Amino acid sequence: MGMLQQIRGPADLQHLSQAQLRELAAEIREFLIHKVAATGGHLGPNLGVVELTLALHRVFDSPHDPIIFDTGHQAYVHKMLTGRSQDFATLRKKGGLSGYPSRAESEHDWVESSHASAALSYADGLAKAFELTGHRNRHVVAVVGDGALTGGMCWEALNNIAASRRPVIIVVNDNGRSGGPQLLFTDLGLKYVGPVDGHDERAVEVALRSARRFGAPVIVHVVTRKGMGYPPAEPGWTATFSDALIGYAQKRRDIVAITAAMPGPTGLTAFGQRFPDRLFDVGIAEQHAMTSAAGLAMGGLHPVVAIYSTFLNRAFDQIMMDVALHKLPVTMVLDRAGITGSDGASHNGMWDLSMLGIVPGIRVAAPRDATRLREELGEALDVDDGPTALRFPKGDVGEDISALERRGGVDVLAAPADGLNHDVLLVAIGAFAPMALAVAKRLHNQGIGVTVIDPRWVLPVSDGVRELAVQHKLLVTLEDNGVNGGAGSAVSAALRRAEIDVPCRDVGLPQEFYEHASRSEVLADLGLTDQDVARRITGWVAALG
């Protein structure tokens, strides 16, 4: 990596020959292949933008010309050219290099959000700011994937950008042609340059220079190959969902599945292979996924919309006014619910119990294990008079956790030992059932008697939890979700509405954005461990009265 080790920042590219840039691109690929996991590392999308990123830093003067990556998972080459190549040993590790652009890491980084299709909206705002503050000759460059370009925010932003001569350069990074828009963007009233071969570094520079000089908004359409230069790049909760859904759909022809551009990761690819007419991929279009789901339901079908928990924030108003307002039987399946960790603040699925709690009439399940995922999906598919949601975490599902009994839909997982009393009702939400059972055993050791329940259907709060609450002295909810408007607050609200003033505590994620770390590190750092939660509950029980 002789030449790469000499690049201190973008201007070190400025007098390199085309032959030197060809050598450097080879070094960058070797570096990426060595430093980045071949699976789940975004190696492919980064290999795809080596020449594009060299060309951007040869034509634009960052950060005077902001270079804004849409989604930001493909910014590794950008970081390597902005003094951070030495930091890749720590990529996506706690206290290490972020997987996304980071304002704290570099003056060259603007947007930390992984949520796609936002770059052009930031670019419009920044271009307006530069005009209002009289900064001369700042060219805002948005790097927008073909996938990101299927998102409605890009249309809102392009409509606004097209109303002004303020220079926004729209660089379409298209690796969906040799997943992108069906619509043409050659004749929208915006100047269009290309298509450009995105692996011809000089061709990209020529196109970017024509865009820079045009003196008004311009689309530069560049075509890249995901994984360019590396042939390979060219029992899970998700697997349990995939198998369960196919099983239900074998018997019921009215079940259809919808993904916003993530058929593989949501486990819907296998569903499509069995029922290819019944799987819809709507692009990176969570809003359209939900409202087209409402349309399918108005036509007599029972859609299953699989969208990762964090991305469902985009569909809030569609869940409200298109699905819930019409009492339509849409099931939403939220994978990556709770802490995901390594992809940082904008990936953790920590909003969905708080957001869905606002929706009139909604029923929300949080599976504790594989059998409860299968069971709760079956129940969701039998709700024909309004929306349902299931939420479950990323990664492997542990062993089934058996109930001692079911009381009004509530699974009793543990009950106080004979000789101990009904001290604490521990309401274990979804994937925190193992933590709650460990807490109950630590409290048993202190002579504190704990009933652990899985409510299964967390919203609305069931008769089961009201009936058990009055038999205990303290209710503690334990949830892999933000505490503000979360399951704990919903349980307290339900008790108080029923004139039950048993003290309640809401144990979950503080209402904060978290830095990247492993799930176990994030939970350890917040004191969401059986040891720390048991110590807190010991303190609450001692303080009663």
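Residues carry their position along the shown sequence, with the first being 1.
Checked against the other entries of this protein, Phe185 counts as resolved in every one of those spanning it, not missing from a third of them. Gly40, present in the displayed chain, goes without coordinates in a third or more of the other PDB entries compared that cover both sides of it. The entry models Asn445 and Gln446 with no unmodelled deposited residue separating them.
In the deposited entry, the stretch joining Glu234 to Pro235 is interrupted by 10 or more residues of the deposited sequence lacking coordinates. Here 387 to 395 and 308 to 316 are compared by their mean Cα B-factor, and 387 to 395 comes out higher. For the pair 347 to 355 and 366 to 374, the mean Cα B-factor is higher in 366 to 374.
Of the candidates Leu91, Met298, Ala123, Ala438, the deposited coordinates give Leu91 the top C-alpha B factor.
If you compare the C-alpha temperature factors of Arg407, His108, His115, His221 in the entry, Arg407 comes out highest. Split the chain's modelled residues into thirds by C-alpha temperature factor. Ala431 is in the middle one. Placement of the Cα temperature factor of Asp322 within the chain: lowest third of the modelled residues, per the deposited record. Among the modelled residues of the chain, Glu205 sits in the middle third by CA temperature factor in this PDB entry. Looking at the C-alpha B-factors along this chain, the one for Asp480 belongs to the lowest third. For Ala148, the recorded CA temperature factor ranks within the lowest third of the chain's modelled residues.
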